[PDB]
Protein chains: 2
Amino acid sequence: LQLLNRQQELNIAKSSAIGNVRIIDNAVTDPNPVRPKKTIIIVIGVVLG
Amino acid sequence: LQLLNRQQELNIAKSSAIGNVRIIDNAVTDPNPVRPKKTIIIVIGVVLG
């Protein structure tokens, strides 16, 4: 199975059309959390109450 | 001799005609069943009642 995969991956690489994909921006993490959004949660709680 | 040349060309052409399909992901089963959807069934039962 591993060799079948190696053959398949090699065919995948060989049949690759894109000449060279480039990494413009390496991954970086935003220090401000995206969830939970405290303000909207509190507003929703107050309105629901 | 020309027929022999055409034979060699046809043999190489037949041997080289391989590709057009490069399966990316193999068959994989989702362990979570898709049917029946228990929650919607229970909700429908309660609402119908």
# chains A, B, ... in the order shown; residues from 1 in each chain; ligands from 1
>>> calpha_fit_rmsd(fixed="chain B", moving="chain A")
9.2 Å
>>> select_by_dssp(residues="chain B", states="alpha helix (DSSP H)", output="number ranges by chain")
B: 2-16, 38-48
>>> interface_residues(of="chain B", to="chain A", cutoff="9 Å", atoms="only C-alpha atoms", output="short mmCIF file (atom, residue, chain, number, x, y, z; two decimals) with N, CA and C atoms, in the first residue's frame")
data_model
loop_
_atom_site.label_atom_id
_atom_site.label_comp_id
_atom_site.auth_asym_id
_atom_site.auth_seq_id
_atom_site.Cartn_x
_atom_site.Cartn_y
_atom_site.Cartn_z
N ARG B 22 -6.37 10.80 -12.26
CA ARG B 22 -5.39 10.74 -11.15
C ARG B 22 -6.16 10.84 -9.83
N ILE B 23 -6.86 9.76 -9.45
CA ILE B 23 -7.70 9.79 -8.21
C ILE B 23 -6.90 10.48 -7.08
N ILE B 24 -7.45 11.55 -6.51
CA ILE B 24 -6.73 12.30 -5.44
C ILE B 24 -7.00 11.62 -4.09
#
